[PDB]
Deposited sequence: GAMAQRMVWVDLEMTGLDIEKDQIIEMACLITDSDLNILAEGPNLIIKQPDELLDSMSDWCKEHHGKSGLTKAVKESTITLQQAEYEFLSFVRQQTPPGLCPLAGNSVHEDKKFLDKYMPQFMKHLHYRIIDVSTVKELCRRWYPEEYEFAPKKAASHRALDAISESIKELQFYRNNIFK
């Protein structure tokens, strides 16, 4: 039904893309429904190398436990495959609550660029919570402009 089709939107900032040496600097989270309407906003936490990593994982895991069913909803965001690699390593209990599938907005951007080049030319941050809001609007823009 509608609940199993909710999305767990995230945005993360790291020191780099090397999973062995880089760390999660900032993170934000929010839930939407299947039609991208924001149901709830999670926290916007800056992590030390302000709060520690293990506490952010508790904060974020609490937030999604009260908003989504266990192991059902996918992680959503722009280049969220880069974010999932770091969440699978540094927040494994948070990732245990989600599905293995992602709703990656940059996959949709790559298809828009190839298949709908005019729409792509006119396709549309200080916090990680603002970067999520921008990705939702980008995903909503593709739904209206390139999907049937």
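- Judged by missing C-alpha atoms, the gaps in the deposited chain sequence fall at residues 50 to 77, 153 to 156, listed in sequence order.
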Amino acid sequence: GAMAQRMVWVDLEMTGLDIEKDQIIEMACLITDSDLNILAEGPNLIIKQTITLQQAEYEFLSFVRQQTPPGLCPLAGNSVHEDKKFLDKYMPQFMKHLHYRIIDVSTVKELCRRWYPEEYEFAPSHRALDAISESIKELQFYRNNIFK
From here on, numbers count along this sequence of modelled residues.
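- For the two regions 138 to 146 and 2 to 10, the entry's Cα B-factors average higher over 2 to 10.
- Here the stretch with the larger average CA B-factor, out of 115 to 123 and 56 to 64, is 56 to 64.
- Placement of the Cα temperature factor of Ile51 within the chain: highest third of the modelled residues, per the deposited record.
- For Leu72, the recorded CA temperature factor ranks within the highest third of the chain's modelled residues.
- Sorting the modelled residues of the chain by their CA temperature factor places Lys96 in the highest third.
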